Amino acid sequence: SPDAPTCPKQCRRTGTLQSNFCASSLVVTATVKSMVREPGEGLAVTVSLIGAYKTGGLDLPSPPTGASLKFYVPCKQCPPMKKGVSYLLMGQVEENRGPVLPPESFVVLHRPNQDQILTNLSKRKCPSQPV
């Protein structure tokens with residue numbers, strides 16, 4: 001979504017896990033291999049795809065998860081992450097640049113409970129059905 005403005009001072013997260021999973025156009029789990037500086041207040045995180053749940057913009061290869069990516073973070077301040085640790089990345093995709101991880105991304109360390117939840121969230125439809 002190439003409608004992420006200048007990096008705000010906000011360095012915090014909001015909403016529920018379900019809320020944010022259904023908001024995010026990209027939902028995956030990975031371990032940070034490396035971190036490299038990027039344009040503006042940005043930072044890239046190099047990862048090796050530990051799991052995937054929603055990838056509605058990546059033409060992932062024939063074999064699933066077990067490939068490398070660079071998540072573009074336009075804010076080095078937050079959401080908090082670390083080199084050499086495992087995380088849950090809920091962000092968006094750019095069908096031009098690969099995965100993007102804007103400041104409205106839900107990032108927390110990878111847990112088995114969370115994994116089993118997001119897997120069930122991809123199986124079930126997002127519970128938000130209006131008229």
# chains A, B, ... in the order shown; residues from 1 in each chain; ligands from 1
$ residues_around --residues "residue 56 (chain A)" --least-positions-apart "3" --cutoff "12 Å" --atoms "only C-alpha atoms" --output "compact mmCIF listing (two decimals) with N, CA and C atoms, in the first residue's frame"
# COMPACT_ATOMS: atom_id res chain seq x y z
N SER A 24 -4.31 -6.42 8.22
CA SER A 24 -3.06 -6.64 7.50
C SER A 24 -3.28 -7.46 6.23
N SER A 25 -2.71 -6.99 5.11
CA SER A 25 -2.74 -7.69 3.84
C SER A 25 -1.64 -8.77 3.78
N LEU A 26 -0.73 -8.80 4.76
CA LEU A 26 0.39 -9.72 4.85
C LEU A 26 0.46 -10.26 6.26
N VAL A 27 0.44 -11.58 6.45
CA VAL A 27 0.58 -12.19 7.76
C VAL A 27 1.50 -13.40 7.63
N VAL A 28 2.67 -13.34 8.28
CA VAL A 28 3.70 -14.38 8.25
C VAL A 28 4.43 -14.43 9.60
N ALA A 52 3.66 -18.75 6.98
CA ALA A 52 2.83 -17.82 6.24
C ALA A 52 1.36 -18.19 6.41
N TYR A 53 0.49 -17.17 6.44
CA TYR A 53 -0.94 -17.33 6.68
C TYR A 53 -1.75 -16.57 5.63
N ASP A 59 3.87 -13.57 -5.19
CA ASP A 59 3.84 -14.71 -6.10
C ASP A 59 4.86 -15.69 -5.54
N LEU A 60 4.57 -16.26 -4.37
CA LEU A 60 5.47 -17.20 -3.70
C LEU A 60 5.74 -18.40 -4.63
N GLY A 91 1.59 -7.02 8.37
CA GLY A 91 1.84 -5.79 7.63
C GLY A 91 1.09 -5.82 6.31
N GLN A 92 1.69 -5.34 5.22
CA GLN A 92 1.07 -5.26 3.91
C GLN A 92 2.05 -5.75 2.84
N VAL A 93 1.61 -5.83 1.59
CA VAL A 93 2.47 -6.21 0.47
C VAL A 93 2.50 -5.05 -0.53
N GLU A 94 3.53 -5.03 -1.37
CA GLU A 94 3.75 -4.11 -2.47
C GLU A 94 4.07 -5.02 -3.65
N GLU A 95 3.17 -5.05 -4.64
CA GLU A 95 3.26 -5.87 -5.84
C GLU A 95 4.11 -5.07 -6.83
N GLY A 98 7.91 -6.26 -2.98
CA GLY A 98 7.87 -7.37 -2.04
C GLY A 98 7.09 -6.96 -0.78
N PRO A 99 7.38 -7.56 0.38
CA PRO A 99 6.65 -7.29 1.60
C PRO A 99 7.08 -5.98 2.25
N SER A 122 -6.69 -17.93 9.36
CA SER A 122 -6.61 -18.06 7.91
C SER A 122 -7.62 -19.12 7.43
$ residues_around --residues "region 81-85 of chain A" --least-positions-apart "4" --cutoff "7 Å" --atoms "only C-alpha atoms" --output "PDB file with N, CA and C atoms, in the first residue's frame"
ATOM      1  N   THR A  31      12.248 -15.416  11.285  1.00  0.00           N
ATOM      2  CA  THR A  31      13.380 -15.147  12.155  1.00  0.00           C
ATOM      3  C   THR A  31      14.249 -14.163  11.376  1.00  0.00           C
ATOM      4  N   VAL A  32      14.707 -13.119  12.059  1.00  0.00           N
ATOM      5  CA  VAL A  32      15.488 -12.051  11.466  1.00  0.00           C
ATOM      6  C   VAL A  32      16.917 -12.539  11.264  1.00  0.00           C
ATOM      7  N   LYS A  33      17.330 -12.658  10.004  1.00  0.00           N
ATOM      8  CA  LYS A  33      18.687 -13.017   9.643  1.00  0.00           C
ATOM      9  C   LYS A  33      19.562 -11.782   9.819  1.00  0.00           C
ATOM     10  N   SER A  34      19.190 -10.675   9.175  1.00  0.00           N
ATOM     11  CA  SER A  34      19.967  -9.441   9.170  1.00  0.00           C
ATOM     12  C   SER A  34      19.046  -8.224   9.219  1.00  0.00           C
ATOM     13  N   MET A  35      19.644  -7.047   9.398  1.00  0.00           N
ATOM     14  CA  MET A  35      19.004  -5.735   9.392  1.00  0.00           C
ATOM     15  C   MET A  35      19.936  -4.822   8.611  1.00  0.00           C
TER      16      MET A  35
END
$ residues_around --residues "residue 50 (chain A)" --least-positions-apart "3" --cutoff "9 Å" --atoms "only C-alpha atoms" --output "list in words"
residues 28, 29, 30, 31, 47, 65, 66, 67 and 86 of chain A
$ select_by_dssp --residues "region 41-115 of chain A" --states "alpha helix (DSSP H)" --output "short mmCIF file (atom, residue, chain, number, x, y, z; two decimals) with N, CA and C atoms, in the first residue's frame"
data_model
loop_
_atom_site.label_atom_id
_atom_site.label_comp_id
_atom_site.auth_asym_id
_atom_site.auth_seq_id
_atom_site.Cartn_x
_atom_site.Cartn_y
_atom_site.Cartn_z
N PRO A 112 3.95 -20.48 19.81
CA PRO A 112 3.20 -21.59 19.24
C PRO A 112 1.70 -21.30 19.32
N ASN A 113 1.23 -20.77 20.45
CA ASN A 113 -0.17 -20.40 20.64
C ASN A 113 -0.64 -19.45 19.54
N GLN A 114 0.10 -18.35 19.34
CA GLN A 114 -0.18 -17.38 18.30
C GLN A 114 -0.19 -18.05 16.92
N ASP A 115 0.78 -18.92 16.63
CA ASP A 115 0.89 -19.63 15.35
C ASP A 115 -0.40 -20.41 15.06
#
$ select_by_dssp --residues "chain A" --states "strand (DSSP E or B)" --output "ChimeraX atom specification"
/A:26-37,43-47,51-55,69-73,86-94,98-100,106-109
$ atom_distance --atom1 "CA of residue 14 (chain A)" --atom2 "CA of residue 72 (chain A)"
20.5 Å
$ closest_residue --among "A:121, A:69, A:87, A:2" --to "residue 17 (chain A)" --atoms "only C-alpha atoms"
A:121
$ residues_around --residues "residue 77 (chain A)" --least-positions-apart "4" --cutoff "9 Å" --atoms "only C-alpha atoms" --output "PyMOL selection string"
chain A and resi 7+9-11+41-42+103
$ closest_residue --among "A:131, A:107, A:44, A:117" --to "residue 78 (chain A)" --atoms "only C-alpha atoms"
A:107
